[PDB]
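One chain comes next, on its own, written as C-alpha coordinates: the form deposited in one PDB entry.
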(Lines give C-alpha, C1' and ligand atoms only; values in the text may rest on other atoms or scores of the structure.)
Protein backbone atom coordinates (compact mmCIF):
# COMPACT_ATOMS: atom_id res chain seq x y z
CA UNK A 1 0.00 0.00 0.00
CA UNK A 2 0.97 3.70 -0.06
CA UNK A 3 -1.15 6.60 1.20
CA UNK A 4 0.91 8.85 -1.06
CA UNK A 5 -0.90 7.14 -3.92
CA UNK A 6 -4.31 6.72 -2.35
CA UNK A 7 -5.93 10.05 -3.12
CA UNK A 8 -7.63 11.74 -6.09
CA UNK A 9 -4.86 12.85 -8.42
CA UNK A 10 -5.64 16.56 -8.59
CA UNK A 11 -5.30 16.73 -4.86
CA UNK A 12 -1.56 16.29 -5.35
CA UNK A 13 -1.60 19.73 -6.97
CA UNK A 14 -3.78 21.13 -4.18
CA UNK A 15 -0.96 22.32 -1.93
CA UNK A 16 -0.16 25.40 -4.02
CA UNK A 17 -3.82 26.15 -4.65
CA UNK A 18 -4.48 27.24 -1.06
CA UNK A 19 -4.26 30.85 0.04
CA UNK A 20 -0.59 31.58 0.74
CA UNK A 21 0.13 31.06 4.46
CA UNK A 22 -2.76 28.83 5.50
CA UNK A 23 -1.54 27.05 8.62
CA UNK A 24 -4.73 25.05 9.02
CA UNK A 25 -7.29 23.17 6.94
CA UNK A 26 -10.31 21.88 8.86
CA UNK A 27 -12.85 19.61 7.07
CA UNK A 28 -15.78 17.44 8.26
CA UNK A 29 -17.97 14.52 7.09
CA UNK A 30 -21.77 14.62 7.10
CA UNK A 31 -24.81 12.99 5.51
CA UNK A 32 -26.40 15.98 3.77
CA UNK A 33 -30.18 16.25 3.46
CA UNK A 34 -32.87 7.32 5.20
CA UNK A 35 -33.00 9.81 8.04
CA UNK A 36 -30.66 8.53 10.69
CA UNK A 37 -27.44 6.90 9.66
CA UNK A 38 -25.20 4.46 11.50
CA UNK A 39 -21.67 5.79 11.70
CA UNK A 40 -19.46 2.75 11.08
CA UNK A 41 -16.26 2.21 9.11
CA UNK A 42 -13.92 5.03 10.05
CA UNK A 43 -12.16 2.80 12.60
CA UNK A 44 -11.30 0.23 9.94
CA UNK A 45 -9.82 2.86 7.60
CA UNK A 46 -7.88 4.53 10.39
CA UNK A 47 -6.14 1.34 11.51
CA UNK A 48 -5.59 -0.19 8.09
CA UNK A 49 -4.62 2.93 6.16
CA UNK A 50 -3.89 6.09 8.18
CA UNK A 51 -2.44 5.28 11.64
CA UNK A 52 1.12 4.28 12.41
CA UNK A 53 4.05 4.99 10.10
CA UNK A 54 2.43 5.66 6.75
CA UNK A 55 5.26 7.72 5.25
CA UNK A 56 8.60 6.28 4.18
CA UNK A 57 11.36 7.55 1.89
CA UNK A 58 10.55 4.59 -0.35
CA UNK A 59 6.86 5.51 -0.53
CA UNK A 60 7.81 9.14 -1.20
CA UNK A 61 10.21 8.22 -4.00
CA UNK A 62 7.65 5.93 -5.60
CA UNK A 63 4.99 8.66 -5.49
CA UNK A 64 7.44 11.10 -7.04
CA UNK A 65 8.12 8.80 -9.96
CA UNK A 66 4.50 7.80 -10.50
CA UNK A 67 3.27 11.37 -10.11
CA UNK A 68 6.15 12.73 -12.20
CA UNK A 69 4.79 10.55 -14.98
CA UNK A 70 1.09 10.63 -14.23
CA UNK A 71 1.09 14.43 -14.57
CA UNK A 72 4.25 14.35 -16.67
CA UNK A 73 5.63 17.05 -14.40
CA UNK A 74 6.89 16.86 -10.85
CA UNK A 75 3.89 18.72 -9.47
CA UNK A 76 4.37 16.31 -6.58
CA UNK A 77 5.18 17.77 -3.14
CA UNK A 78 8.17 15.66 -2.00
CA UNK A 79 9.31 18.55 0.24
CA UNK A 80 6.12 18.63 2.27
CA UNK A 81 5.99 14.83 2.41
CA UNK A 82 9.60 14.68 3.55
CA UNK A 83 8.64 16.91 6.46
CA UNK A 84 6.18 14.38 7.94
CA UNK A 85 8.76 11.67 7.31
CA UNK A 86 11.30 13.46 9.51
CA UNK A 87 9.39 15.58 12.03
CA UNK A 88 6.93 12.78 12.78
CA UNK A 89 8.51 9.48 11.70
CA UNK A 90 6.11 9.29 8.77
CA UNK A 91 3.15 9.79 11.09
CA UNK A 92 0.27 11.91 9.83
CA UNK A 93 0.10 15.21 11.81
CA UNK A 94 -3.68 15.21 11.90
CA UNK A 95 -6.42 14.92 14.45
CA UNK A 96 -9.79 13.40 13.75
CA UNK A 97 -12.89 13.81 15.89
CA UNK A 98 -15.67 11.33 15.21
CA UNK A 99 -18.83 9.93 16.72
CA UNK A 100 -18.74 6.48 18.32
CA UNK A 101 -18.84 3.77 15.65
CA UNK A 102 -22.39 2.37 15.54
CA UNK A 103 -23.96 5.70 16.47
CA UNK A 104 -27.30 6.32 14.85
CA UNK A 105 -27.12 10.01 13.87
CA UNK A 106 -29.90 11.80 11.99
CA UNK A 107 -29.07 13.12 8.54
CA UNK A 108 -27.31 16.49 8.44
CA UNK A 109 -24.85 16.12 11.28
CA UNK A 110 -21.08 16.32 11.50
CA UNK A 111 -20.18 12.68 11.94
CA UNK A 112 -16.45 13.24 11.99
CA UNK A 113 -13.91 15.93 11.28
CA UNK A 114 -10.33 16.15 10.14
CA UNK A 115 -7.77 18.93 10.58
CA UNK A 116 -3.98 19.10 10.39
CA UNK A 117 -2.10 19.48 13.68
CA UNK A 118 0.92 21.12 12.09
CA UNK A 119 0.65 24.44 10.18
CA UNK A 120 3.15 22.86 7.82
CA UNK A 121 0.79 20.03 6.91
CA UNK A 122 -2.28 22.22 6.36
CA UNK A 123 -2.36 20.42 3.00
CA UNK A 124 -2.65 17.05 4.73
CA UNK A 125 -6.29 17.34 5.86
CA UNK A 126 -7.82 17.05 2.37
CA UNK A 127 -5.22 14.74 0.86
CA UNK A 128 -6.78 11.96 2.85
CA UNK A 129 -10.25 13.13 1.95
CA UNK A 130 -10.60 10.37 -0.58
CA UNK A 131 -9.33 7.61 1.74
CA UNK A 132 -11.73 8.82 4.43
CA UNK A 133 -14.67 9.45 2.16
CA UNK A 134 -14.57 5.79 1.16
CA UNK A 135 -16.26 5.42 4.51
CA UNK A 136 -19.63 6.30 2.99
CA UNK A 137 -19.84 2.65 2.01
CA UNK A 138 -19.43 1.05 5.44
CA UNK A 139 -21.90 3.66 6.71
CA UNK A 140 -24.37 3.15 3.89
CA UNK A 141 -24.18 -0.61 4.15
CA UNK A 142 -24.66 -0.47 7.92
CA UNK A 143 -27.51 2.04 7.53
CA UNK A 144 -29.42 0.36 4.74
CA UNK A 145 -29.04 -2.95 6.54
CA UNK A 146 -30.41 -1.45 9.76
CA UNK A 147 -33.29 0.10 7.81
CA UNK A 148 -34.11 -3.41 6.58
CA UNK A 149 -33.90 -4.63 10.18
CA UNK A 150 -36.54 -2.11 11.15
CA UNK A 151 -38.96 -3.33 8.47
CA UNK A 152 -38.24 -6.89 9.58
CA UNK A 153 -38.69 -5.88 13.21
CA UNK A 154 -41.94 -4.07 12.43
CA UNK A 155 -43.62 -7.12 10.86
CA UNK A 156 -41.90 -9.94 12.71
CA UNK A 157 -43.28 -8.27 15.85
CA UNK A 158 -46.77 -7.70 14.52
CA UNK A 159 -46.92 -11.31 13.42
CA UNK A 160 -45.07 -13.32 16.07
CA UNK A 161 -45.40 -10.87 18.93
CA UNK A 162 -41.68 -10.92 19.72
CA UNK A 163 -38.54 -10.14 17.76
CA UNK A 164 -36.78 -13.46 18.18
CA UNK A 165 -34.42 -14.20 15.32
CA UNK A 166 -34.65 -10.62 14.14
CA UNK A 167 -30.85 -10.68 14.06
CA UNK A 168 -31.00 -13.54 11.57
CA UNK A 169 -33.79 -12.40 9.22
CA UNK A 170 -31.39 -10.96 6.68
CA UNK A 171 -28.50 -13.09 5.49
CA UNK A 172 -25.64 -11.49 3.57
CA UNK A 173 -25.04 -13.17 0.19
CA UNK A 174 -23.03 -10.36 -1.37
CA UNK A 175 -19.52 -11.77 -1.45
CA UNK A 176 -20.13 -12.85 -5.04
CA UNK A 177 -21.73 -9.51 -5.88
CA UNK A 178 -19.30 -6.95 -4.36
CA UNK A 179 -16.70 -5.12 -6.48
CA UNK A 180 -13.62 -6.50 -4.71
CA UNK A 181 -12.45 -8.62 -1.77
CA UNK A 182 -11.86 -5.68 0.51
CA UNK A 183 -15.40 -4.54 -0.20
CA UNK A 184 -16.80 -7.91 0.81
CA UNK A 185 -15.04 -7.76 4.18
CA UNK A 186 -15.90 -4.09 4.76
CA UNK A 187 -19.45 -4.42 3.48
CA UNK A 188 -20.11 -7.70 5.23
CA UNK A 189 -18.60 -6.15 8.35
CA UNK A 190 -21.28 -3.43 8.11
CA UNK A 191 -24.16 -5.90 7.80
CA UNK A 192 -22.94 -7.75 10.89
CA UNK A 193 -23.50 -4.53 12.75
CA UNK A 194 -27.23 -5.17 12.48
CA UNK A 195 -27.57 -8.92 11.99
CA UNK A 196 -25.66 -12.13 12.68
CA UNK A 197 -26.44 -13.94 9.42
CA UNK A 198 -23.61 -13.79 6.90
CA UNK A 199 -21.94 -16.04 4.30
CA UNK A 200 -19.30 -13.44 3.44
CA UNK A 201 -16.50 -14.86 5.54
CA UNK A 202 -14.55 -11.70 4.72
CA UNK A 203 -16.68 -9.66 7.10
CA UNK A 204 -15.70 -11.66 10.19
CA UNK A 205 -11.91 -11.35 9.96
CA UNK A 206 -12.11 -7.61 9.31
CA UNK A 207 -14.07 -7.43 12.56
CA UNK A 208 -11.78 -9.62 14.65
CA UNK A 209 -9.00 -7.54 13.12
CA UNK A 210 -10.17 -3.93 13.44
CA UNK A 211 -13.04 -4.04 15.94
CA UNK A 212 -12.80 -7.25 17.90
CA UNK A 213 -15.70 -9.19 19.36
CA UNK A 214 -15.73 -10.94 22.73
CA UNK A 215 -19.03 -12.42 21.61
CA UNK A 216 -18.75 -16.06 20.49
CA UNK A 217 -20.21 -15.86 16.97
CA UNK A 218 -19.26 -12.53 15.27
CA UNK A 219 -21.44 -13.85 12.45
CA UNK A 220 -23.33 -17.10 11.88
CA UNK A 221 -24.13 -19.41 8.99
CA UNK A 222 -25.49 -22.91 8.39
CA UNK A 223 -24.92 -25.52 5.70
CA UNK A 224 -26.74 -24.68 2.48
CA UNK A 225 -26.90 -25.78 -1.14
CA UNK A 226 -26.30 -24.05 -4.47
CA UNK A 227 -27.59 -25.00 -7.91
CA UNK A 228 -24.47 -27.01 -8.70
CA UNK A 229 -25.07 -29.34 -5.73
CA UNK A 230 -28.49 -30.19 -7.14
CA UNK A 231 -28.17 -29.87 -10.91
CA UNK A 232 -25.02 -32.00 -10.99
CA UNK A 233 -27.18 -34.97 -9.99
CA UNK A 234 -29.07 -34.55 -13.25
CA UNK A 235 -32.56 -33.18 -13.82
CA UNK A 236 -34.25 -36.52 -13.16
CA UNK A 237 -32.42 -36.89 -9.84
CA UNK A 238 -33.36 -33.69 -8.02
CA UNK A 239 -35.01 -35.80 -5.31
CA UNK A 240 -31.81 -37.80 -4.96
CA UNK A 241 -29.99 -34.51 -4.54
CA UNK A 242 -32.41 -33.12 -1.93
CA UNK A 243 -32.55 -36.37 0.02
CA UNK A 244 -28.78 -36.67 -0.05
CA UNK A 245 -28.39 -33.15 1.38
CA UNK A 246 -31.09 -33.26 4.06
CA UNK A 247 -29.44 -36.46 5.23
CA UNK A 248 -25.93 -35.04 5.21
CA UNK A 249 -27.29 -32.24 7.37
CA UNK A 250 -30.05 -33.74 9.47
CA UNK A 251 -28.63 -32.83 12.88
CA UNK A 252 -28.07 -29.19 11.91
CA UNK A 253 -30.30 -26.75 10.04
CA UNK A 254 -29.82 -27.00 6.26
CA UNK A 255 -31.08 -24.72 3.49
CA UNK A 256 -31.78 -26.19 0.04
CA UNK A 257 -32.48 -24.32 -3.23
CA UNK A 258 -35.37 -25.88 -5.10
CA UNK A 259 -35.85 -23.63 -8.11
CA UNK A 260 -33.29 -25.44 -10.27
CA UNK A 261 -36.31 -26.62 -12.21
CA UNK A 262 -39.87 -25.72 -11.26
CA UNK A 263 -39.79 -24.37 -7.68
CA UNK A 264 -43.43 -25.33 -7.35
CA UNK A 265 -42.55 -28.97 -8.03
CA UNK A 266 -39.74 -29.46 -5.52
CA UNK A 267 -41.96 -27.82 -2.96
CA UNK A 268 -45.25 -29.67 -3.59
CA UNK A 269 -44.07 -33.06 -4.88
CA UNK A 270 -40.42 -33.63 -3.91
CA UNK A 271 -40.75 -32.20 -0.37
CA UNK A 272 -44.53 -32.48 -0.26
CA UNK A 273 -44.50 -36.26 -0.74
CA UNK A 274 -41.34 -37.89 -2.10
CA UNK A 275 -39.34 -36.53 0.85
CA UNK A 276 -42.03 -35.60 3.37
CA UNK A 277 -40.66 -38.10 5.89
CA UNK A 278 -37.26 -36.37 5.87
CA UNK A 279 -38.80 -33.07 6.96
CA UNK A 280 -41.45 -33.98 9.52
CA UNK A 281 -38.67 -35.98 11.21
CA UNK A 282 -36.33 -33.01 11.76
CA UNK A 283 -35.92 -30.95 14.93
CA UNK A 284 -36.85 -27.29 15.12
CA UNK A 285 -33.20 -26.65 15.96
CA UNK A 286 -32.23 -28.18 12.61
CA UNK A 287 -35.12 -27.58 10.18
CA UNK A 288 -34.98 -27.65 6.40
CA UNK A 289 -34.78 -24.14 4.96
CA UNK A 290 -36.48 -24.30 1.59
CA UNK A 291 -35.01 -21.62 -0.59
CA UNK A 292 -36.52 -20.26 -3.79
CA UNK A 293 -34.10 -18.24 -5.93
CA UNK A 294 -36.06 -17.09 -8.96
CA UNK A 295 -39.37 -15.56 -9.95
CA UNK A 296 -41.20 -12.59 -8.51
CA UNK A 297 -39.81 -12.61 -4.95
CA UNK A 298 -43.27 -11.90 -3.52
CA UNK A 299 -45.54 -13.99 -5.74
CA UNK A 300 -43.06 -16.82 -5.25
CA UNK A 301 -43.06 -16.66 -1.48
CA UNK A 302 -46.85 -16.70 -1.23
CA UNK A 303 -47.01 -19.70 -3.57
CA UNK A 304 -44.11 -21.48 -1.89
CA UNK A 305 -45.88 -21.00 1.43
CA UNK A 306 -49.33 -21.80 0.02
CA UNK A 307 -47.88 -25.07 -1.22
CA UNK A 308 -45.91 -25.80 1.95
CA UNK A 309 -48.87 -24.93 4.15
CA UNK A 310 -51.03 -27.34 2.15
CA UNK A 311 -48.41 -30.04 2.77
CA UNK A 312 -47.44 -29.41 6.37
CA UNK A 313 -49.42 -28.88 9.59
CA UNK A 314 -49.73 -25.10 9.65
CA UNK A 315 -50.66 -23.74 13.05
CA UNK A 316 -51.87 -20.24 13.80
CA UNK A 317 -49.81 -18.20 16.22
CA UNK A 318 -51.29 -15.87 18.83
CA UNK A 319 -51.66 -12.83 16.60
CA UNK A 320 -53.46 -15.05 14.11
CA UNK A 321 -50.88 -15.50 11.37
CA UNK A 322 -50.25 -18.88 9.78
CA UNK A 323 -47.04 -20.64 10.81
CA UNK A 324 -45.41 -23.74 9.38
CA UNK A 325 -44.36 -26.57 11.70
CA UNK A 326 -41.11 -25.69 13.54
CA UNK A 327 -39.11 -28.05 11.32
CA UNK A 328 -39.92 -26.26 8.05
CA UNK A 329 -38.88 -22.73 6.96
CA UNK A 330 -38.30 -20.60 3.85
CA UNK A 331 -35.54 -18.23 2.87
CA UNK A 332 -35.94 -15.82 -0.02
CA UNK A 333 -32.39 -15.48 -1.34
CA UNK A 334 -33.11 -13.63 -4.57
CA UNK A 335 -34.37 -10.21 -5.57
CA UNK A 336 -34.33 -8.93 -2.02
CA UNK A 337 -33.57 -5.32 -1.32
CA UNK A 338 -34.87 -2.55 0.96
CA UNK A 339 -37.77 -1.82 -1.39
CA UNK A 340 -38.56 -5.45 -2.23
CA UNK A 341 -38.17 -6.71 1.34
CA UNK A 342 -40.95 -4.34 2.45
CA UNK A 343 -43.32 -5.54 -0.29
CA UNK A 344 -42.84 -9.22 0.64
CA UNK A 345 -43.13 -8.91 4.41
CA UNK A 346 -46.24 -6.82 3.67
CA UNK A 347 -47.56 -9.35 1.19
CA UNK A 348 -46.91 -12.05 3.75
CA UNK A 349 -48.91 -10.07 6.28
CA UNK A 350 -51.77 -9.23 3.93
CA UNK A 351 -51.95 -12.95 3.18
CA UNK A 352 -51.97 -13.71 6.91
CA UNK A 353 -48.53 -15.37 6.92
CA UNK A 354 -45.88 -14.95 9.59
CA UNK A 355 -42.50 -13.33 9.07
CA UNK A 356 -41.49 -16.26 11.27
CA UNK A 357 -41.89 -18.52 8.28
CA UNK A 358 -39.34 -16.61 6.23
CA UNK A 359 -35.84 -15.20 6.44
CA UNK A 360 -34.17 -13.25 3.67
CA UNK A 361 -31.02 -13.45 1.64
CA UNK A 362 -29.84 -10.21 0.05
CA UNK A 363 -26.52 -10.12 -1.77
CA UNK A 364 -25.43 -7.60 -4.38
CA UNK A 365 -28.22 -5.30 -3.24
CA UNK A 366 -27.07 -5.44 0.37
CA UNK A 367 -23.29 -5.08 0.00
CA UNK A 368 -22.86 -3.90 -3.57
CA UNK A 369 -25.59 -1.60 -5.00
CA UNK A 370 -25.04 1.43 -2.80
CA UNK A 371 -23.64 4.76 -3.95
CA UNK A 372 -22.27 7.61 -1.87
CA UNK A 373 -25.25 9.30 -3.50
CA UNK A 374 -27.67 7.67 -1.06
CA UNK A 375 -26.90 8.97 2.41
CA UNK A 376 -25.30 11.96 0.68
CA UNK A 377 -21.97 11.20 2.34
CA UNK A 378 -19.80 14.26 1.86
CA UNK A 379 -16.43 15.40 3.23
CA UNK A 380 -15.97 19.18 3.10
CA UNK A 381 -13.86 22.08 4.35
CA UNK A 382 -15.56 24.55 6.73
CA UNK A 383 -12.70 26.24 8.59
CA UNK A 384 -9.23 27.43 7.59
CA UNK A 385 -6.63 29.63 9.20
CA UNK A 386 -4.60 32.03 7.10
CA UNK A 387 -2.26 34.54 8.74
CA UNK A 388 -3.53 33.51 12.15
CA UNK A 389 -6.93 34.40 10.76
CA UNK A 390 -9.61 31.78 11.26
CA UNK A 391 -12.08 31.72 8.36
CA UNK A 392 -15.53 30.13 8.04
CA UNK A 393 -15.33 28.48 4.63
CA UNK A 394 -18.11 26.70 2.71
CA UNK A 395 -19.64 26.05 -0.71
CA UNK A 396 -23.19 27.18 -1.51
CA UNK A 397 -23.50 26.45 -5.24
CA UNK A 398 -26.34 28.34 -6.88
CA UNK A 399 -28.11 25.61 -8.87
CA UNK A 400 -28.12 23.10 -6.02
CA UNK A 401 -28.66 24.62 -2.55
CA UNK A 402 -29.21 21.12 -1.20
CA UNK A 403 -25.44 20.98 -1.72
CA UNK A 404 -24.47 23.73 0.69
CA UNK A 405 -21.51 23.34 3.07
CA UNK A 406 -21.18 23.88 6.81
CA UNK A 407 -19.13 26.91 7.85
CA UNK A 408 -16.70 27.31 10.70
CA UNK A 409 -15.46 24.73 13.18
CA UNK A 410 -18.15 22.18 14.03
CA UNK A 411 -19.32 20.38 17.15
CA UNK A 412 -21.87 17.59 17.76
CA UNK A 413 -24.42 18.04 20.49
CA UNK A 414 -27.42 16.50 22.11
CA UNK A 415 -30.26 19.02 22.00
CA UNK A 416 -32.24 19.55 25.20
CA UNK A 417 -34.97 17.40 23.64
CA UNK A 418 -32.80 14.39 22.84
CA UNK A 419 -31.91 14.49 19.12
CA UNK A 420 -28.70 15.97 17.76
CA UNK A 421 -27.45 19.37 16.79
CA UNK A 422 -24.36 20.23 14.82
CA UNK A 423 -23.22 23.69 15.83
CA UNK A 424 -21.26 25.76 13.32
CA UNK A 425 -18.90 28.73 13.42
CA UNK A 426 -17.25 27.19 16.46
CA UNK A 427 -20.38 28.11 18.44
CA UNK A 428 -19.82 24.81 20.21
CA UNK A 429 -17.65 26.81 22.61
CA UNK A 430 -20.64 28.88 23.75
CA UNK A 431 -21.34 25.87 25.95
CA UNK A 432 -25.11 25.61 25.70
CA UNK A 433 -25.83 22.19 24.26
CA UNK A 434 -23.57 20.33 26.63
CA UNK A 435 -20.39 18.67 25.46
CA UNK A 436 -19.16 17.90 22.00
CA UNK A 437 -20.23 14.31 21.36
CA UNK A 438 -17.39 13.96 18.87
CA UNK A 439 -14.51 12.14 20.51
CA UNK A 440 -10.97 12.58 19.17
CA UNK A 441 -10.38 9.25 17.42
CA UNK A 442 -7.11 9.94 15.59
CA UNK A 443 -4.13 12.07 16.63
CA UNK A 444 -0.69 12.26 15.03
CA UNK A 445 -0.65 8.77 13.54
CA UNK A 446 -2.17 7.10 16.58
CA UNK A 447 -5.66 5.78 17.18
CA UNK A 448 -7.01 7.44 20.29
CA UNK A 449 -10.42 5.76 20.43
CA UNK A 450 -11.67 2.36 19.20
CA UNK A 451 -14.91 0.49 19.79
CA UNK A 452 -15.29 -3.28 20.02
CA UNK A 453 -17.79 -4.68 17.54
CA UNK A 454 -19.99 -5.41 20.56
CA UNK A 455 -20.06 -1.70 21.38
CA UNK A 456 -20.88 -0.65 17.83
CA UNK A 457 -23.73 -3.17 17.74
CA UNK A 458 -25.08 -1.92 21.05
CA UNK A 459 -25.03 1.60 19.64
CA UNK A 460 -26.67 0.62 16.36
CA UNK A 461 -29.39 -1.17 18.29
CA UNK A 462 -33.03 -0.35 17.47
CA UNK A 463 -36.34 0.66 19.11
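Positions refer to the first chain, counted from 1. C-alpha atoms forming the largest set that superposes within 1.5 Å between two forms make up the rigid core.
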property	result
Cross-entry absence of residue 398, a third or more of other PDB entries	yes
Residues of the deposited sequence that sit between residue 34 and residue 33 yet are not modelled	10 or more
Higher-scoring stretch by recorded Cα B factor average, 34 to 42 or 432 to 440	432 to 440
Mean Cα B-factor comparison, 277 to 285 or 254 to 262, giving the higher one as deposited	277 to 285
Given 79, 191, 372, 169, the residue at which the Cα B factor reaches its maximum	79
Most elevated Cα B-factor in the entry, residues 142, 75, 232, 114	75
Cα B factor band for residue 49 (lowest, middle or highest third within the chain)	middle
Chain-wide C-alpha B factor ranking for residue 327, given as lowest, middle or highest third	middle
Position of residue 102 among the chain's modelled residues by C-alpha B-factor, lowest, middle or highest third	lowest
Residue 335 - Cα temperature factor, lowest/middle/highest third of chain	lowest
Chain-wide C-alpha B factor ranking for residue 138, given as lowest, middle or highest third	lowest
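Absent from the display: the form deposited in another entry. The rest refers to it.
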| property | result |
| --- | --- |
| Residue 293: Cα shift of 2 Å or greater between the shown form and the other one (core-aligned) | yes |
| Large Cα shift (2 Å or above) at residue 267 between the shown form and the other one, core-fitted | yes |
